[PDB]
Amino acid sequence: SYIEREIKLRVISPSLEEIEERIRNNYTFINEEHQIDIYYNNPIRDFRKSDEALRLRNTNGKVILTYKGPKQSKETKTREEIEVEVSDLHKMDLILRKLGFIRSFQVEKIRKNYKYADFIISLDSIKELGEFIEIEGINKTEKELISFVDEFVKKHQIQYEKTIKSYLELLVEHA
């Protein structure tokens, strides 16, 4: 179990395609992930109140069960994150439904991952929401992450908007 710290940017300009072109030369491409996420809720412990999440993700066929704890920051998206790979999404989903969990929502996206000296940049195109960028830092303080993101958006002339909301939260709002 461990802290996941990231900054999320809603992209205003340019397109993510153009941003890929701008970073293509100094950032190393890692992989492209087609991610379909199912989120769950507990009938007797509303997660919306507790700021918790239970997610079953299918990323390029790999199945991941993830618990996310409440946010620990107002400057960045910082939450405790516990993940395990499971063998079958259908059966893990059935087990969750059998235990009383109810499917609350679905989030689908294409994520392109880039690495730059201990930073992971994820160009996210979120089905029905739009184009976003997420940055994470490997062994980095909240101040190091904030500083790198400032340098990142400036170096590549990105118009943007910061948010600590989850894709699930923002998709609700968008609807």
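Residue positions are given as counts along the sequence shown, with the first one as 1. If you superpose the two forms and keep the largest set of C-alpha atoms that fall within 1.5 Å, you have the rigid core.
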Quick check: by Cα RMS after rigid core superposition, does 107-115 or 47-55 differ more from this form in 5 other deposited structures of this protein?
47-55
Stretch farther from the shown model on average in 5 other deposited structures of this protein, with CA RMS computed after core superposition (59-67, 118-126):
59-67
With respect to the recorded C-alpha B factors, which stretch has the higher mean value, 6-14 or 162-170?
162-170
The stretch carrying the higher mean Cα B factor in the deposited entry, 29-37 or 141-149, is 141-149
Out of 131, 134, 118, 108, which shows the largest CA B-factor listed in the entry?
118
Using only the C-alpha B-factors in the record, can you name which of 68, 57, 112, 45 has the highest?
45
Would you mind checking where the Cα B-factor of residue 85 ranks among the modelled residues of its chain, as the lowest, middle or highest third?
lowest
By the recorded C-alpha temperature factor, relative to the other modelled residues in its chain, which third is residue 91 in?
lowest
